[PDB]
């Protein structure tokens, strides 16, 4: 796209603020931003806010979201579909033109770990170029295992293809499959989908801890066989709904867009890989690390 040549729009922070006990404002951008997805490999991503996957959104069950998209792309329209919400797609997930904004309002009434993504045709093009992310909706009544959890992180799986190549997006294997982590609390890492960051800068934990991961596989095209090496998931909540409780899972199958809350205990000091057990994907980048120390 001629109008994207040389474009590298600096990341813009997510803006959120609570405007009522059950109402929250969110403002995101659509923007074109260079991201290093593998060493020496820059992808001029289509993004929310200059991150791919996009920034983490966290709301409470029952919150109505008043969402603004400011489209900084100079030529391509963009839009937003939150899987968390009840909305009219043809009214509320509509396009925002270049250099314009749009505001849409809709409720998040279901707890869980939801994908969000651009909804502009061809949606495959917009998702594969980077316009995906996660919104967490916290359950009013928590999870039954909340009191056991010592530490928590968010991990997202996505693919990368040949650059803006619709034939490859439709018909080709992914060139890379990657993990990223998005911060929940101050000091947590906040990273983009790449083959290396969570190897070189592992997530951190302490011996004996029960860890919760909020996870989503945003695809666009693949499923995930999510596994933490050296442990077993004590508890799994499919899509992060507390009712969808499984126990003692080795591996959690995630559809494209699928989420989960998974919890597991790290019993011994060391480094614990986090993989998809679809090992062709792990070989192509989808391995993160958890470093477990006596202190944390």
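Numbering follows the first chain given and starts at 1.
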| property | result |
| --- | --- |
| 213-221 versus 100-108 - greater average Cα B-factor per the deposited record | 100-108 |
| Between the two ranges 7-15 and 283-291, the one averaging a larger CA B factor in the entry | 7-15 |
| Given 156, 118, 136, 149, the residue at which the Cα B factor reaches its maximum | 149 |
| Maximum C-alpha temperature factor, selected from 240, 54, 269, 258 | 269 |
| Chain thirds of CA B-factor: placement of residue 92 | middle |
| Third of the chain's Cα B-factor distribution that residue 250 belongs to, per the entry | lowest |
| Ranked against its chain, the third holding the CA B-factor of residue 71 | highest |
| Position of residue 182 among the chain's modelled residues by C-alpha B-factor, lowest, middle or highest third | middle |
| Residue 204 CA temperature factor, ranked by third within the chain | highest |
